[PDB]
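Have a look at the structure below before the remarks.
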Amino acid sequence: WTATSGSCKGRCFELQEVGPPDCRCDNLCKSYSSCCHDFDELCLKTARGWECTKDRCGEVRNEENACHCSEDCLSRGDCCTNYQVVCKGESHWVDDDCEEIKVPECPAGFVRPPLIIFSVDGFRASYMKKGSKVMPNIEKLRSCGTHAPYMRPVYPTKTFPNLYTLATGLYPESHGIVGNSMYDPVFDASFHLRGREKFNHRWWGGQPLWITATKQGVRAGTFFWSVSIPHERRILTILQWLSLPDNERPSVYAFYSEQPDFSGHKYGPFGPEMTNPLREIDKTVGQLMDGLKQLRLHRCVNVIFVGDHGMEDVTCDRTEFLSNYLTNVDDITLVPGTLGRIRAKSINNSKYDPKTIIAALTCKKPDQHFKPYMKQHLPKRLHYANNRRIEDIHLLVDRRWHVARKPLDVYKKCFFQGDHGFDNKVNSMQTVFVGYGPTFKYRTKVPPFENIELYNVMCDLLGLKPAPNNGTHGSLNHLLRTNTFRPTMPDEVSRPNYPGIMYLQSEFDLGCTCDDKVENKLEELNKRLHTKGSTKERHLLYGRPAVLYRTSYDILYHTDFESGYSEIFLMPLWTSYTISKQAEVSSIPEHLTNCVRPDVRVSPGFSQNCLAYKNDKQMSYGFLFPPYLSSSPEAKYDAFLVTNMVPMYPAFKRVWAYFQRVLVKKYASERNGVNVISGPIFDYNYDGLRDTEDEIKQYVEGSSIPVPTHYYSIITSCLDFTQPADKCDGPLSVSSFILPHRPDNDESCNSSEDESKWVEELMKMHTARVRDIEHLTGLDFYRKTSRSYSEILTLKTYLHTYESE
Ligand SMILES: *[C@@H]1O[C@H](CO)[C@@H](O[C@@H]2O[C@H](CO)[C@@H](O[C@@H]3O[C@H](CO[C@H]4O[C@H](CO)[C@@H](O)[C@H](O[C@H]5O[C@H](CO)[C@@H](O)[C@H](O)[C@@H]5O[C@H]5O[C@H](CO)[C@@H](O)[C@H](O)[C@@H]5O)[C@@H]4O)[C@@H](O)[C@H](O[C@H]4O[C@H](CO)[C@@H](O)[C@H](O)[C@@H]4O[C@H]4O[C@H](CO)[C@@H](O)[C@H](O)[C@@H]4O)[C@@H]3O)[C@H](O)[C@H]2NC(C)=O)[C@H](O)[C@H]1NC(C)=O
Ligand SMILES: Cn1c(-c2cnc(OC3CCOCC3)c(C3CC3)c2)n[nH]c1=O
Ligand SMILES: [Ca+2]
Ligand SMILES: [Cl-]
Ligand code: NA
Ligand code: NA
Ligand SMILES: [Zn+2]
């Protein structure tokens, strides 16, 4: 109950919300049916429209008008945004040449440049080029400021997950807004777009920018606008707030546009009906910039123009129905559309089985347009698993398609021609970023980057210390003229041992055998120097990775590769090797097919054993440095060391062998040499973070050898591919992957065919950032390069997406 009989007089768009049942006059009151009786009359004035005309100039202040063209309007802060243009011979902001903003040029009393966040729903990245003729204000922001060709949203590429990621710097799994629709089993409660539950604070985790600012004594504009308040009124309200006295005036403001998303759903992303919504958004930008210019704030404010996600062509006829696959369709609940989430209809049904649901959904039709996953098997780059609100069973839906439970759900719910929500790598889901203002660079293009990074930069823009988040602070310093954040490399926690020869062959009883008892002063000083690290500068190009947690591990040198070997996990944490463009691929000699050799630098007690693999009928083994790329028949023996061995399911060995035999040489040829770092990952609790020993759920049978959940590789070369990887003088180029270590290849529907038809497609799907691998392993890479640390942070956040242009 609200006693809606108080008044909004003098209170219109008040900045602190009042506690029921006193009536409200803030920009959100409509959404709560809590505005005072007189809110529309006082606060939502529309008389005479939104623009000064010739004959309104100098007029007598009529307070009924939506905006004013009288003489006192400038000092009142409530002129129509085109006042000075109509009545003072001034030019529109878009018609002025842009001039570099070297320093903030602000009115007296401003302690920092204000930040205005202008967010647009469904603004697909290619609108910047394709709609440029009809968006002159936006094009001026873009070309005069700092811009990215596109900005990558988070998954799912839905509105609320992405806006809240923008606000928090957190993945949806961490902030808790994991879709536009959700069930939380602990609350036993549901979140929906329509309705009241979404207002309850328990849905909304992390610390959004407005709370960060408030806690640190930076005043924030109430960010959110009830939908019926028109755009013109939102802009005028922001401009009025910017006229408050210094002690009351916010330093950060937000504008949100429901367009072009609203129309994009109805007409598709490039429907001829889409020109008008784009023109209208540009006009709103024009009104803000003209308004700032009137207030002499146009060279003082930092403006961010940012989208939440793009929009793809999707129609009712491109719907797959679970009723075409499942006999038991009534025993499941589906969250439907551009992603699928499945759980049991009733928790009292003990006959429901996710195993059989997944199987009935796997590779059942030749051109099936969704793929089912247990959430912990989704590509790690999605970071979409560690939340009780994310159902165990997930469907990744092909772009341009929908999934529904039953055909009745679609024709009793063709309306729409656009939608979004798909894999955040998809080109049509990419969105926009432009930063314009004193703190951004002038006429600068920056590479594509992920929206999780922006919270840190908005904090930087406001002099705020960011709450802990998933951005990599410093990776976007290259957007900024000043206020950069100067991070330090994390300190190494564990230093390595460098073991020499300490064990005799006969101390090992690992049940391993090798055909290698075959016999020199020249070449014996040689093998010794290699084992002391003589070739190390060739194979470890960027320093050894730092171990950022407490553990016991050894560095092992070899002719062709270097590794950091964990005495706790009984395998390398990392193995580093360089493969030049000239390198040759050889095969494993026949006599060496099942060769495993004891490593006399590492005790039997800290070694794997071959008997455990023999006894484990499910588990086999592979090598991290591939024997195929050995530099000489003699160096090849190093590759069969028990300290280079890792457990591998036979089904995964198909993947791994093709990577090592075919793909590594292919990249070396294409990139003029590559450096490769590979290693195991353990993430049994699917939280994206390195597991401790006591979190490991699976061991090679009868042993203490832990089974990795994933294998990674980081493949670095010179960005200037005219220089070989091992002799590179400038910026680097990287691609990485985190392959799930699975006992079957059910994920790849064509896996009964030759690896040349399916493995590279699997690797692409599991593309990753170096930063993702750092979280998962507790390692820090690129410790010693000649590049600036900010530049290295950017490289560590790079994702190679394999989408076309
Ligand atoms: C992306 O960035 C984020 C932010 O940095 C990273 O997430 C952080 O990771 C930390 C490590 O996992 C984690 O630290 C834990 O904090 C626990 C206290 O948590 C509360 O307080 C914080 C701070 O205000 C708050 O943010 C949290 O909010 C979460 O929970 C509510 C709902 O419950 C949500 O509204 C909110 O969205 C958020 O949920 C997310 O995080 C939780 C995990 O905390 C997930 O479960 C959710 O699914 C969701 O993803 C909390 O309100 C603290 O209690 C933990 O301490 C335990 O472990 C330590 C090790 O130091 C041990 O010493 C302690 O004994 C303790 O163990 C005890 O509790 C155990 C569990 O019950 C029990 O098993 C033991 O036996 C002990 O009794 C821990 O330190 C931090 O909370 C989150 N922060 C956020 C915002 O999510 C994230 O990792 C990054 N992702 C990647 C890929 O890098
Ligand atoms: C969807 N929505 C909104 C709305 C607008 N902006 C938002 O976040 C932005 C605030 C500024 O920083 C950039 C993020 C949010 C987040 C989701 C809570 C919601 N308002 N009205 C409406 O329908
Ligand atoms: Ca983990
Ligand atoms: Cl959703
Ligand atoms: Na075996
Ligand atoms: Na298969
Ligand atoms: Zn939408």
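Descriptive notes on the structure:
- Neighbour counting of Cβ atoms within 10 Å sorts the residues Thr2, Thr559, fewest neighbours leading, into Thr2, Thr559.
- Shown in residue order for the range 647-663 are the 3J(HN,Hα) couplings computed by the Karplus curve 6.51 cos²θ - 1.76 cosθ + 1.60 at θ = phi - 60°: x, 8, 4, x, 5, 6, 4, 3, 5, 4, 5, 5, 3, 6, 7, 9, 5 Hz (x for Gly and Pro).
- Ordering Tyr565, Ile393, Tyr256 by the projection of their Cα atoms onto the charge dipole of the chain, which places +1 on the Cβ of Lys and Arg and -1 on the Cβ of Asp and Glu, puts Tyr256 at the extreme positive end.
- Packing-based order for 373-382, 191-200, 129-138, using average beta carbon neighbours within 10 Å, highest first: 373-382, 129-138, 191-200
- Cβ crowding within 10 Å ranks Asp261, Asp616 as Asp616, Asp261, fewest other Cβ atoms first.
- Ranked by how many other beta carbons lie within 10 Å on average, peptides 51-64, 619-632, 174-187 from highest: 619-632, 174-187, 51-64
- Summing charges over neighbours of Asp72, with a neighbour being any other residue whose Cβ is under 13 Å away from its Cβ, gives -2 when K and R count +1 and D and E count -1.
- When the Cα positions of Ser790, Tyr802, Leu762 are compared along the charge dipole of the range 760-805, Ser790 comes out farthest toward the positive end, with charges on each C-beta of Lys, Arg, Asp and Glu.
- Centre separation in Å (Cα based) which lies between the range 571-590 and the range 742-805: 19
- Ranked packing of 34-41, 243-250, most packed first, by mean Cβ within 10 Å: 34-41, 243-250
- Qualifying trypsin sites (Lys or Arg not before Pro) in the range 555-627, DSSP loop, other Cβ atoms within 10 Å at most 11: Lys617
- Each residue of the range 33-46 was assigned a 3J(HN,Hα) from its phi angle through the Karplus curve 6.51 cos²θ - 1.76 cosθ + 1.60 (θ = phi - 60°); the sequence is 6, 9, 5, 5, 2, 9, 4, 4, 5, 7, 8, 10, 5, 10 Hz, with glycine and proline shown as x.
- Amide H within-cut-off set for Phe440, under 5 Å, with H built and near neighbours excluded: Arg481
- Note on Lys140: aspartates and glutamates with a C-alpha under 15 Å away, same-chain residues under 8 apart excluded, are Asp95, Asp96, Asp97, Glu99, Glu100, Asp282, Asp290.
- Summing Cβ point charges (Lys, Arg +1; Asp, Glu -1) relative to the Cα centre of the chain gives a dipole of roughly 500 debye.
- Greater than 30 Å apart at Cα, pairs in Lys371/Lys757; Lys406/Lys697; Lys9/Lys102; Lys30/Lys54; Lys266/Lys764; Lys665/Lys784: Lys406/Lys697; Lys9/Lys102; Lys30/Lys54; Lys266/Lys764
- Distance from the Cα centroid of the range 449-508 to that of the range 639-676 is 27 Å (rounded to whole angstrom).
- Antiparallel DSSP beta bridges within the chain, percent to nearest 5: 70
- Other residues whose C-beta falls under 10 angstrom from the C-beta of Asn497 contribute a net charge of 0, scoring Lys and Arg +1 and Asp and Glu -1.
- Sequence-distant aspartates and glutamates (8 or more away, or on other chains) whose Cα lies within less than 18 Å of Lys727: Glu537, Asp560, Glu670
- When each of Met128, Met311 is scored by the number of other beta-carbon atoms lying within 10 Å, the sequence from fewest to most is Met128, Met311.
Laboratory data are not the source of any read-out in this text; all were calculated from the coordinates shown. Please note: Cβ atoms are built from the backbone with ideal geometry, for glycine as well, and neighbour counts cover all protein chains shown.
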